[PDB]
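A lone chain, given as structure tokens: the form deposited in one PDB entry.
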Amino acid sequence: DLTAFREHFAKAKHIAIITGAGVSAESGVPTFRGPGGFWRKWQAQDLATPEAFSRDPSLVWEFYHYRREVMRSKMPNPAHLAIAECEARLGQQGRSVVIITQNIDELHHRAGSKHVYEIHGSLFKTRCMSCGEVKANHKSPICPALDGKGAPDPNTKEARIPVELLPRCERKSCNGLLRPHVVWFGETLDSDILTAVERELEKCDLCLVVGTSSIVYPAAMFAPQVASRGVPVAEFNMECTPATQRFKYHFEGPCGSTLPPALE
């Protein structure tokens, strides 16, 4: 029921919004599970792991370069902007809204959201392999040798770039190979971020889930922390619920239509 949510929305002093791939998918971003089926012919195993980056950093960078460049034509959808506007409107009332997102596309930041937690990192940050510095990087193309590269057609000539010409660390005494500041399969989440999110999710008195479900990662880590304190949880996703056993609040349909009415 809508007005039952809206009652909580009016009371709530500290909202936490967890976002998944559904929200990014409604902006046309390829997310390798739903839209953009696969890239070239490859799978996560030779693309999104530390092993695969050690074996073939050209191919991984080719892949991540593609995903940076597609963002120039993908824009924030109404869910992204409704959240961001809501944050600002509530923040000025002395009411917090924070975003915990699995998404690496920075669409929340482009929408206007400020208090964001990127638990899988960002396409537009680089971590250096030598010294470990993290830098924002929206340079297109990220490095000369990748210009026009990373084409998605399964029969494209591999760029096969010499490693010393892949993106390197601008701090001159280093010159380390960079990588996307992204959380790959088989790596761990950052401990400092998880603590901060624990703190926020303990503070919160209304938790939203958008583009994913509470059963599945990453919402399942914390939605037990919030629900166990009697905090209401609201899902805005595309999956249905059972014939009889409803959710407490669940709004089926696209986030672009469901969410902006909810947060006005």
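Between two forms, the rigid core is the largest collection of C-alphas that superpose within 1.5 Å. Note that residue numbering follows the sequence shown and begins at 1.
From this point on, the text means the form deposited in another entry, which you will not see here.
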Inset, instruction - Compare C-alpha positions between this form and the one not shown after fitting on the rigid core and state which of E235, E200, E62, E26 moves by at least 2 angstroms. - result: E26
Inset, instruction - Examine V209 after superposing the rigid core and state whether its CA is displaced by 2 Å or more between this form and the one not shown. - result: no
Inset, instruction - With both forms fitted on the core, give yes or no for whether the Cα of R246 moves by 2 angstroms or more between this form and the one not shown. - result: yes
Legend entry - Outcome for the Cα pair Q245, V233 in the other entry, compared with this form (closer or farther; change of 3 Å or more): closer
Legend entry - Outcome for the Cα pair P242, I17 in the other entry, compared with this form (closer or farther; change of 3 Å or more): closer
